[PDB]
């Protein structure tokens, strides 16, 4: 329908800035709103190779099943998706056994997903693939492809929205996956804060975006921004250029939506006088108007 708005949450397990899912950014009247809950992370053997057995790594007191139930009781139109992988160098995609990885991943993720249920059914609407560190195109595209297929085919689940989260440095591996499974992947969430060289103008932004649509597919790419201080320090893109660049896209009716990296980091103003969620609220204003 509507412009898509997605926000990562739960990804800073040591942060105490939030004690529940924020309602300030929730807008289901003019936008299609998604919370991306993560990280479901695999256990690794001593060799640094992944087992495919996922566990929740977010705070379950703050964002667990009872909090998801409450959110959905109050705002039924919000979609909740689980993100798997992780950003550390300590959570790479590197399966120890290629023919057993997929069965462990399907079973362990289904177990997690089944915890997020109410009297009327499952509360999870999809999955997000967010492995930052992937060394080669393969077995990634084959194994991730099979996992998506198995989850979408399970009638016990409602895995309706599938997304991937590439960055400039891992984009080639995600492109391999996207080409093979184009029909099951709804959204490509590309993080502009992870570019190698700085994005200096709104024209440089626009030019990057168009090339992403060629690499993936027109209207399936959602530009993203990071309010995380680790990313702010890298200074690959400023909020002024991000807003400017998105404005240009909105003017030619070419922006399908946006995503933000992360609710914990956006609640705390960076410049005195800044309101909490200033970048998110500014993008919501431009997506409606």
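Residue numbers count along the first chain shown, from 1.
Chemist: Averaging C-alpha B-factors over each stretch, which comes out higher, 85-93 or 158-166?
Modeler: Higher of the two, by average CA B-factor, is 85-93.
Chemist: Looking only at CA atoms, which has the higher mean B factor in the entry: 31-39 or 216-224?
Modeler: Per the PDB entry, the higher value belongs to 216-224.
Chemist: Among 240, 55, 46, 66, which residue carries the highest C-alpha B-factor recorded in the PDB entry?
Modeler: Spelled out: the listed residue with the top C-alpha B-factor is 46.
Chemist: Using the temperature factors in the entry, find which of 110, 79, 130, 133 has the highest value at its Cα atom.
Modeler: By C-alpha B-factor in the record, 133 ranks first.
Chemist: Could you tell me which third, lowest, middle or highest, the C-alpha B-factor of residue 280 occupies within its chain?
Modeler: Lowest third - that is where residue 280 ends up once the chain's C-alpha B-factors are sorted.
Chemist: Relative to the other modelled residues in the chain, which third contains the C-alpha temperature factor of residue 200: lowest, middle or highest?
Modeler: Ranked within chain, residue 200 CA B lands in the highest tercile.
Chemist: What third of the chain, by the recorded C-alpha B-factor, contains residue 252?
Modeler: For residue 252, whose C-alpha B-factor we compare with every modelled residue in the chain, the answer is the highest third.
Chemist: How does residue 10 rank on Cα B-factor within its chain, lowest, middle or highest third?
Modeler: For residue 10, whose C-alpha B-factor we compare with every modelled residue in the chain, the answer is the lowest third.
Chemist: Give the position of residue 151 by CA B-factor within its chain, expressed as the lowest, middle or highest third.
Modeler: It belongs to the highest third of the chain when residues are ordered by C-alpha B-factor.
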